[PDB]
């Protein structure tokens, strides 16, 4: 198959430099050219520039010019995009794409406009806030006596940065009725996450319920038991 593999998601302090790598596989690296397109969150695609893997020749869009350098390594079939002096507006998803280059009769190289294949996309978050640990607070079994069928158990992952955080209940045992709601970017710039599981009201006494929260960016795993209030 033809596969384009991109670097992992990056969190960078303002004004720093981001380097995003796109691996190439399943095709002749030299014969095609690589384009980099950025999507700001909920925005349209913008083509920043193109690298010709054989030539090494570069061209850039004016709007992104003065910050983006696109390079290549013939050995690893890997193309690099570097952006520097990041503004807050720069936070976006960045994609690598493949375009064939063709030769005109005069012998000058030209790019086929078609972007045949796309990389998975590397996300760049530019934030003033530094990394902070996750605080897990129990959202207790709240027996409002509404019904015997339903109980509400939860955990609040509070004031954490950066994303992501992974929440599992009872070591992956509890996968039914488990809703992990999307996080909120606070005015603090910190992240807040809440995960709930619906279990029978009979079960609270009979079975324990523990939320296992992992925050690899902070190297923190919080296993908090949710005991009835």
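Positions refer to the first chain, counted from 1.
When the mean C-alpha temperature factors of 27 to 35 and 175 to 183 are read from the deposited coordinates, 27 to 35 comes out higher. Relative to its counterpart among 192 to 200 and 158 to 166, 158 to 166 has the higher mean temperature factor, C-alpha atoms as listed in the PDB entry. Which of 115, 136, 153, 92 has the largest Cα B-factor in the deposited entry comes down to 136. Per the deposited record, the Cα B-factor of residue 20 falls in the lowest third when ranked against the other modelled residues of its chain. Per the deposited record, the Cα B-factor of residue 3 falls in the highest third when ranked against the other modelled residues of its chain. Residue 77 sits in the highest third of its chain by CA B factor, as recorded in the PDB entry.
When all modelled residues of the chain are sorted by CA temperature factor, residue 42 is found within the middle third. Among all modelled residues in this chain, the alpha-carbon of residue 83 has a temperature factor (C-alpha) in the highest third.
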